[PDB]
Amino acid sequence: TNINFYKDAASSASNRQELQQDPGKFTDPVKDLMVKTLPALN
Amino acid sequence: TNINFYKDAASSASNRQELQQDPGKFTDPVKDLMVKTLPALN
Amino acid sequence: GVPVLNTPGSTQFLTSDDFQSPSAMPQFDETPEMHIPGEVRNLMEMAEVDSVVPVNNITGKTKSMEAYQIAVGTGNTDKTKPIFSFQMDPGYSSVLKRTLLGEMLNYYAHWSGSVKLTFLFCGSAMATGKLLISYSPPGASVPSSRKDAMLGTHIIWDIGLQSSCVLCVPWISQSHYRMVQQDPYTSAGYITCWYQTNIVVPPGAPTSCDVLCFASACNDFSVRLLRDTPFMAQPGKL
Amino acid sequence: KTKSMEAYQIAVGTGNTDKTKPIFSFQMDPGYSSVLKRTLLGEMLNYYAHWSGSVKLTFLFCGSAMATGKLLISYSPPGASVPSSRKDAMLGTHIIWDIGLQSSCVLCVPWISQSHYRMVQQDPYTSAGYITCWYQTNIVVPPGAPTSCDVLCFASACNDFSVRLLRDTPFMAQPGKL
Amino acid sequence: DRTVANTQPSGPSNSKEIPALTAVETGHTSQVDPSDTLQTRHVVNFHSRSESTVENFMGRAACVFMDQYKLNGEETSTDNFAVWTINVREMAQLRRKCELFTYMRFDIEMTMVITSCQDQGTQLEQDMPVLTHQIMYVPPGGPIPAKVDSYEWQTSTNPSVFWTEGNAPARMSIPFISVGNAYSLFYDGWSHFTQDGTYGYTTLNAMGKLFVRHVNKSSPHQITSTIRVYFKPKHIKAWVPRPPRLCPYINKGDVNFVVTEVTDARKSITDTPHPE
Amino acid sequence: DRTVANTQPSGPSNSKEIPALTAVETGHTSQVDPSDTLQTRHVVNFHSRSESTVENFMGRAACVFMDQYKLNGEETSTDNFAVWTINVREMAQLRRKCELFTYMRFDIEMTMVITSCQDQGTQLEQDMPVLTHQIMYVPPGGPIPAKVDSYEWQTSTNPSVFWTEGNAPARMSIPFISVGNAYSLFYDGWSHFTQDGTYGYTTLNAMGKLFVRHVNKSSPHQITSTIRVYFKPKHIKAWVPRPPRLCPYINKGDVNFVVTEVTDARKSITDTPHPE
Amino acid sequence: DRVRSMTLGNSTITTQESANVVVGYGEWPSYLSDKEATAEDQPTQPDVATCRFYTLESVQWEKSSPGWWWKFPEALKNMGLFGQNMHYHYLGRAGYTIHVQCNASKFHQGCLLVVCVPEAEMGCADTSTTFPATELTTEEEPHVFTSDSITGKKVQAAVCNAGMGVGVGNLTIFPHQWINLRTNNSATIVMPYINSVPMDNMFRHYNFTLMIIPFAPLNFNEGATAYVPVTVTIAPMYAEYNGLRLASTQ
Amino acid sequence: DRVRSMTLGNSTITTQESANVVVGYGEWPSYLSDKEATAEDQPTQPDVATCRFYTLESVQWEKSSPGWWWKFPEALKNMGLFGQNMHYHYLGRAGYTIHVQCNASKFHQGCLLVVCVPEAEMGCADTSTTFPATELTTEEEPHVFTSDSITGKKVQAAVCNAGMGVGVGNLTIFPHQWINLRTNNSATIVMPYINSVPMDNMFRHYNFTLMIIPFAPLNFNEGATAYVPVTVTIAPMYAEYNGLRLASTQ
Amino acid sequence: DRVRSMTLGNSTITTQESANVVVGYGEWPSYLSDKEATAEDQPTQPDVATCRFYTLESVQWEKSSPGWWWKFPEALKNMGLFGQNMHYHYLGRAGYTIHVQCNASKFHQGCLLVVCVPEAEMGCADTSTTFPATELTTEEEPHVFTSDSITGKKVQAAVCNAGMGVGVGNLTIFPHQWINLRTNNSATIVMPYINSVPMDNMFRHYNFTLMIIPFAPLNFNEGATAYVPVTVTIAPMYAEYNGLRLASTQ
Amino acid sequence: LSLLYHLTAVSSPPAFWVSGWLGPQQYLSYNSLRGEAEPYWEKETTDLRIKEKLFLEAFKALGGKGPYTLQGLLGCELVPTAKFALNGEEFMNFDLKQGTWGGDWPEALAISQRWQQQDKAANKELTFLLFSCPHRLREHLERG
């Protein structure tokens, strides 16, 4: 499966196995860390 | 035969070679061991 | 690229092939597998389970609960006559078919291994008797007397505290595997039950008791050739 | 109220009228529930056939700073009817939101599904519960503050949330060539 | 491949050990071998049960969907595409095998043996190019085609396979598409929590629909193609086995049945089919 | 394949820690799990999100181009070849998936499921050999065919694939053909620097045209082939995700839309579809 | 051994002639594991409030009785805190120890297949239609099989088959314990939580059916006790409950 | 601190202006110890089914409102699994965290003594007789004090006194938290299980009364919210339950 | 924290009730890297001349206001040296810190989704045609959404949708900060340079739209300030500029 | 105008009858006993026979033995409109996107699944609503 039969990188398979995520980009985008337990404002 | 040509696990071959069985699940389901030689009840 | 020759057996949908295939949903996250109790990994594990045998195929008695009950009675009448008599082959014998062992075999074409017929007494606790159940290997006719029955393989069941004595029939097949279908060659023997002693019952106990036969499979039991079951015979679209 | 900005605003008011009546009431399934669909979580689920994981419903108060109250938002697991009183709501899973400096208390609904994954489509089996909001205490406002305030619900997903089976979204239903 | 257990050597026994005398009332099938109740010989048995596993028993691919979808003119209707709410129940041959077990976790190979035959007619002179067939699996809840030329055939996210007639049948390994951890071949519960609604397996294991069509827009004369979807359940993790179905199947949504005899009737309890 | 985070065990809490009480005004989605706001049990969750990645979400191949190009006689016209300015927008199914993200860097598998059907006519007696189809991707700015037999079909440098009907659909992995470092699924700017001209994605990500034709010169009777180009975006590096499109698409050049309701209307704010 | 004692919760079951306890498929009941869990609602685990033998209504074993079937998670509705938690929780997992007590004298003949069949999807008497819930689930009384074929918009309770269109005598593949009045005065089947999903609604989903099918009809000579009951007690050990919400109107 | 969060059971209480949490007499609630136990019935301990904030009916703070009192173990009858276990168990021990939420704007004047008085034995309006249970325990509505002396066969709800014939302003010896609309939008009193016996019937015995007595009547100028409610939520943490039996007809 | 100070360039923004600063997708703005660069024109980097908060025209939040949208690189044309460098440079990269100040008293109700949507390609009121640039880009005044559907050769400013044919309430996927007058007197969204190409023309390309959409309409009782403005200040930190040439006639 | 077939059927009766209204005027009066679309007509008769079979299977789908007066308002407004009512109360609607009936009512899901069991019945409904109803509406408007 990992073997690539074509020299072109665009010819490789879909990177289905690659599970990466950074929800902090969109779900925690604030500059200052907002802890769930701590009050968010003041 | 064992070689998998697709990254997906659902794409693999049928596990025909895998011969496993636990007949004690259905043929010997009693909580207390019942020996064939010994009387089953009392 | 690499020179490849299309060998015979190409562009074909063999039903019994283990070829790989591209998935419809790549990198699909399957639901995590929980330990569900009852993991059946071999169909013979299901066959190995004692399963009540509809021994009494008599018309009307079938499609009912009288099919499984072998009527064993307290009397002098027909006590030199078989309590029951059928063929040992779970595949095509009307008695041993349509049960866990029989329907398990019907999904295959060749079967092997010893069959355990567990005979459970269903009567009064005061009832006591002896039933001689015999598996006769093929080569002769079905046993017609208990004398002809004890010659072959037989078990004498003393009705009592256990009351579930099992005739574990042996593997006396000429070939390694018998035929599930009705084949005169490599066929099995015959199971016939007789009254070793009459089941004596007290006046308060019922005279006519019952026996339930349980077809199961041993650790030696196996099947070889898969096939579609003839039982279903689907008429059309559902 | 839909096809507008009144669709998102939950009108929470200062009054004695219908304060034993739900502030809002819908079904928890983001897939086929008309309320929780057509949003990031709902439209994300609509692109799949099986979904799982806890849904966080963040309730943001949009009113005067002087306004103060308590709203009890309850997720009721399936098996019974939709909550019709706050007494029936507090029996299930509920969160009491004290309107104040935070004013964005979130009902992070749990995963009480019988199966590992629920169905995105309208399936009576393995369906989710119901979200109903009630007035724990009436939102008391000063005379200078407006009586009728608003609430915005934010559907989001937790670290436990996942979907399993990809499918084409039923929302689009392309008529023809563009 | 572990073989069957060899029949251990045995001799005459008058001991107090009662192998035959047991109690099946306990729910335990007696584990006695022929040696236990009979005097037998030591035979090294090599009868492997490899083909008798649920993996191999379900490995045989059996047809599950038979429908006739048509190519004809421009009067597009519902007969130009074959619709199937993917369910094993449709065809009884594999339905009985699957209904031999309550729960089965498996990846399912879906092979589409499309057979295109021109419909008998007054005029069959047409010489159509090789027909291409699209087999799309619509995820449960996803949009489904309304016509043979609808937008839903543009498979942006729905899995699909385009197969040209004359090649190997299109085989697609569908993964474990279930909300739960198994497929409930039997579901004794109901669809809704109020003990109402749909009853049976149909409520759970709601596999998404499968739509089959001719990628070719039209045909001078009508040609009917039989999709003949065959299922090969592999990677079987079957749980809770069930007896093979006795009564013939009547409906693909329920196990509703017309009462059938337990087994083939025989003349008498002492009737043995034997040579004279 | 990293699974979801397991729900940590929790108990009754009267602390000054307010997990539920947060501020979504800050633009931060609350990171609370069910344990944070409720008393829950320790369950080891194995619900993998592998199929929920942009690589897998876009991995599903969906149709992007539907056109009917024809083979007939010697009166060559514009109907003998299918022209497509390669754009995801054409078909809404994949257009919505791509317009779920502002920028996506990916290699795009282009699968041509050609379906040739003879056009219904008085005379269909023809017996044409197996039709061969040429699918050429003209680079942006390169010469494009004017007729089905023009010089541009002589692909000296333009990529092209010749596919014979009945084989596997022609799958060609087009690389990242973009002047920029990503594909702008949305382009809020204009075509020209004077804030005029064409508006939308069409100005940038100017993928070169795709021309499909029958390599066979002519056919005794007209045969219409549906090209049905399906796109499989792989090697996805999507940036700036966007909400899935709400209003139905009207044009493939702009996001111009007829206003649609935010969501399905319901009787009342307290209306819950529930069993009685 | 014949004598046995099971102490689950407040209730205690004592037997003197019971056969060996059957554990459903050899897996002892246990709480849903975190690795096997799908919900993060912190399920409540009443060790004795819900995990106790609830005695169902006694059913008389008649000479013409075809059999009976109880849908266990459902039968226990409105019967103690197990039923209360069924009403108040969307999800539910439990391993049920079913002790069926059918006591009879030494002069009574008969044997019952007391088989716990997981997801025993029953058939309808009229195959085209589907029976209502009042025909499957116990409604003030256990549902009783029929000796021959029956019609109408009811469950196909023909004891001829297992009720699912399958051979009744083949039901022993599922965990079972025969009540042979010669040997067994009771049957003990310990079924673990058996379902595809980690947890399911206990009203929406019927986890299994306790089918008590007399294969040999109860035959007793005159003077013996005609009223031979078949009591059913079931202890839902490890009765986990997720998705706490308002009580269902069941 | 003003802001606070209490996560007991399924329910969660968030406050922004609440004062410091009061623990009743400084002892945090806990399960009955074996050394301190008197019953050997293996009590059930629902950690979240019963230990959760049950929101009682909102009570409007009026300008002429004298006050109110709830009998806590009793008020929570037929309200969730805590009330169900009250019905189904003879004995019961629980430590109640009472969060009374009385939100008001910065232009509202008033202060409430929200005092949890253990065994607040109330007096009768006619001293010779004794009031019925419908006068002490909440009956579809909390019981309301009276500004002056009252007569009849009812509870002496004269807010002049504490209700036990004692000074109301001296009630602060018992655990309390004043709801001053200037400072407190809510009061949090964590009363442990406070009783002479290790466990007592939750219907027969009223463990305590939550007396909410406005010492300064709610005064607000016109235009401000007239309906200023006083909601009562109570979480019975460590709700132990012995003597499981049939449900009481309460 | 509520209080905050941002000192970018000459201008300084002080807030007392602002919520937490949002960084667009978690990436702080920075100059185009040499590895990420495509042009070799040695771009000029005015650290304070262009990277400063430009205050846009104040917009009154009305009770019937549907919303507004600014195209940021474009809105800042002819407004300081940032606009001058936009005119004089073909390429341009900048990370914009948008502080939207909407101050209101404690008696004002409402909340604004102040969302920065990169490449928010708007739809046209007449779908067949395409709107002119005078309808998208701010022209002496910010462009205002419409409560219902509108027609004509203009931008489809129906506030019913997000303006791109998408759900407006789903816009929070893009970096955003809600101006809730209860909590937020201002919103701070720090968007990095978000584009497919390393650099693009700031007039030809609109990098993003600042959509300020009141989800709850501003409701205030009489006597309170009717004119509640929504000022927009934007600081293009790291305002790189390649392709220096003659000034564009914009 | 708005075409609306008022489908109606009774489990225990005129077992099934349709009232097609092209606008406020009624133009079609189909009956189960006649089996024909009594006021092109052959196709509408076949479609309404399919609808009659679907209604009979829906009657079989309901577990209750009580009377069930199923109704529906199938048609397109020139937009398809599908609203099914059980016992005079709306219980399910046909989702065109998912292309299947459903609703909060349990009987809604029972009837939807039962009709889904029928071969291509959901797509027959899709063709009837999205294509056949507007086609008949336009044809009748041009004709009348």
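In this document, chain identifiers A, B, C, D, E, F, G, H, I and J correspond to the written order of the chains, with residue numbering beginning at 1 in each.
Assume a contact is a pair of C-beta atoms (placed from the backbone, for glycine too) under 8 Å apart; a residue touches a chain by one contact, two chains touch by 3 or more.
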If a chain touches subunit A and subunit E alike, it appears here: B, C, D, F
Shared interface partners, meaning chains that touch subunit E and subunit G: B, C, D, F, J
Path length in steps (a step moves to a chain that is touched) from subunit A to subunit F: 1
Taking mean CA positions as centres, which chain lies farthest from subunit A? C
For the pairs A-I and F-G, output the one whose chains share more C-beta pairs in contact. F-G
Farthest chain from subunit B by C-alpha centroid distance is chain I
Reported most central chain by Cα centroids is D
Name the pair in F-H, F-I or F-G that forms the same interface as E-G; by residue number, over half of the contact pairs must coincide. F-I
If you average the CA atoms of subunit B and of subunit G, how many Å lie between those two points? 26
Could you state the distance in Å from the CA-based centre of subunit D to that of subunit J? 34
Please set out, as single numbers or ranges, the residues of subunit B touching at least two other chains. 4-14, 16, 19-22, 25-30, 34, 39-42
Which subunit F residues sit where two or more other chains touch them? 1, 6-7, 10, 15, 17-34, 36-40, 45-53, 55-57, 59-60, 62, 66, 91-93, 96-97, 241, 243-246, 249-251, 259-263, 272-276
Two or more other chains in contact with one residue: find those residues in subunit D. 3-4, 7-8, 27, 32, 38-40, 43, 46-48, 50, 52, 54, 60, 66-67, 78-81, 91-93, 95, 97-98, 100-105, 110-111, 114-117, 121, 123-126, 130, 142-145, 154, 156, 158-160, 162-166, 168-175
So in the complex, which bits of subunit E are touching subunit J? 67, 76-79, 81-83, 85, 141-147, 190-192, 194, 196-199, 202-203, 251-253
For the complex, which residues does subunit C have touching subunit B? 18-23, 26-28, 30, 37-42, 44-46, 48-50, 161-162, 164, 216, 219
Interfacial residue positions of subunit C with respect to subunit D in the complex: 25, 28-32, 34
Subunit G-facing residues of subunit D, complex: 52, 54, 74-81, 83, 88-89, 91-93, 110-117, 124-126, 129-130, 158, 160
Touching residues of subunit G toward subunit F in the complex: what are they? 32-43, 45, 240, 242
